[PDB]
Each structure stands twice: as C-alpha cells, then as structure tokens.
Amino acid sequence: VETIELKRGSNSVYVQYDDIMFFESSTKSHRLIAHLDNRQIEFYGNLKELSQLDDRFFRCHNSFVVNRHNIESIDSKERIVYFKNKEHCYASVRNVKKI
C-alpha cells in the first residue's frame, strides 16, 4: 500500500502512487490535478511536497511533478515526457537533464 490522500475540502480521494502518471497545477489557485490512467482528480496541495513524498516523484518543471514509474518514453530534444497512458507533459530546460 502506497496511498496518497488527495484532499478536496468536503471529501478526500485516495489513490495509489502508481495510479498517478503526473501532477500539474490547476488554474484554480492552490489546487493541483492528479492525472491517472483515464481520470483526473483536482485536489488541494503543492507540487513541492509531492516531490518530497518519494523519489519516484520528480519535479521536471515548475508546473509538473512526474511519476518516474509511469514514464513510457522521453523526447529529450522537445523536452516531452510521455506516459504509459499516452498523455504527456513538459520538462523545463533546467530540469530535463535530471529526469
């Protein structure tokens, strides 16, 4: 069991670490979006604390924390991180080396 509580104010949703492809910032202030296989969950959190949960969670961009276990491939020239579910996000110039 590697469970994370995604706190939502009137409720919480619980997911496994490896259900999560990546996290990004929401356009709602102080919310993030957890990208699961084919669902997304909005919750209260910050990307910094998620990257500190576990070494699989890597801060590849100011707006993205990726789950290394669910990365399918990486285009290092375009700085695109592709996930097993066929979503993608971006790594910043300063962080792309380290993924």
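Between two forms, the rigid core is the largest collection of C-alphas that superpose within 1.5 Å. Residue positions are given as counts along the sequence shown, with the first one as 1.
After superposing on the rigid core, the larger RMS C-alpha deviation in 4 other deposited structures of this protein belongs to 5 to 13, the other candidate being whichever of 74 to 82 and 5 to 13 remains. The segment moving more, judged by mean Cα distance from this form in 4 other deposited structures of this protein after a core overlay, is 21 to 29 among 21 to 29 and 85 to 93. Averaged over their C-alpha atoms, the temperature factors of 68 to 76 and 34 to 42 are higher for 68 to 76. Averaged over CA atoms, B-factors in the entry run higher in 7 to 15 than in the other of 83 to 91 and 7 to 15. Ranked against the other modelled residues of its chain, the C-alpha B-factor of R56 as given in the entry falls in the lowest third.
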